[PDB]
Structures are given as structure tokens and as C-alpha cells.
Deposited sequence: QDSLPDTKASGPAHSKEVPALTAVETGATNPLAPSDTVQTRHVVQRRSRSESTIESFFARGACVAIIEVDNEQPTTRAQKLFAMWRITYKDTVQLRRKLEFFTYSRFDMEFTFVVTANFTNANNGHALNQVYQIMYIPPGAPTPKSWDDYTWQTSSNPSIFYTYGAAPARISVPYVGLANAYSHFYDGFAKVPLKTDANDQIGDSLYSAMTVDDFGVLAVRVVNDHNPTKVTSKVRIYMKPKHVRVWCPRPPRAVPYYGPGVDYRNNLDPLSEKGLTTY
């Protein structure tokens, strides 16, 4: 029942009504079937637009972060790491979302952890447990790999044991607005004439908030091996139950920062002659 409209049979025409002529100045686009300019047979059209739906378009999970943590005894060492949860630092999922101005989705986050020994002589280590702790905005961040914040009394946390299936969770629509804003024509602060200095009202263009959706903190829970084990927690982000709300042209030139700014490679189109097929 998802099928496209059938092409109707169309004979020759000699008519005062003319489908081919139009005026794109109106902003409308001419809604022609091929039956309205060429002769067509009837064909029962069994194709459908199922893979082009918005949930089908966004159904594939995409990498958004590669978080690196060390495990080594102190003698320079990253025993824990922290990442501000954003889509905008990997270009592919960012360009797919930035087809639209606003969107509204639940998320799946899938965590793939890969570890390796860092020097060949130092040998073996036992299996590692990884704590991935969500720190919402305003909650206390750790200042060491084993302070009180890792006790995770009110924070969500994933304890992943190494070699298991890649740990995953779902997160609801968490936005303060009714949809997430991919683009924001505005500021967080307005400078006023009564301000004591300009930096009271100065804020970044197109930034809504700093620490917008919080921080993921990652550590090895184990006490440190004498051998150095380096590990990477890759984070894969899948939007689901997606509704999108205002279409945009996709990004043509390369991305530069979390804004719409551009700096290099402002030549997205190649050379091809006007008469060359």
C-alpha cells in the first residue's frame, strides 16, 4: 500500500491548456507527470519511497567521538577523560542533520571500546572495566580518576567490561525547546548601553548555551597496571523516532568550527564545458 502513483495512459494533444509553460517567479514548481508532455503507456508502479523516509534516512548509527584513556602506574598520563556531547565535530552525521533547521528525536548511544598495549616489553594485564558516566550541566566534574564524583549517586553510568557486546543505552528527547535547533540566528546575551564594559554582553554568534547537553566522563575502574594499556571509547550516535521540521540546502564547502563559518576550499564544483556531455 506504500506504492507510488501509476503512470496513466496519454494520447496526442492539441489543446488550449498547456502544461509545459509555467512561471517559477511564483515560487511554485510545475507539478508535471510525464503523461502531460509525452505520450505514455499505462504502467502499474510497484516502487515505493520506503528507504527515503526520515527514520530510514537517519536509521544508521554514526561515530561522534573517540575518547582516549590510559591505564598506567604514576612515575603525562590520562587516567580519565571528558567529552562535551556534540554531533558537530564529525562531518557526516552533522551534514545529514543540517539538511533541516529543527529536529526532534530520541537517541541511541552505542559504545565500542578497543584497547592495546603501548610498549612491547611490559607484558600482560587483566581484563578492564570502563565507567562511562554522564555528567548533566551543573553537576560536579571529576578532578581525578578516583574522587567522589565517580560514586554516581544521581548520575547515570555504564560499567562496561572488556570483550562484551558494545554497550548501549537510549536517551529521550532532552531539549529545553519543543525541537532541537540545529541553527540559531542569535546570541545568548545582548550588550546594553548601560553595561560597564562590552564583555558583560559579549557572546558567541549562533551559540545557545555552553555545556548544552552535558559531559560524558570515561575512566578505567581498575587499579593501574605496570604495563601501559591505552584504550579508546568510540561513541556511535543513532537518531530514532525522528521528526524534522524545516528543509535547508546541504553544506557545500568544508566545515569550520561548530558554526556555519568557512575558511578553505571554497570551490565545491569542478570544471566541465558547457557543450561537453
item	value
Sequence ranges without modelled C-alpha atoms (deposited numbering)	76-77
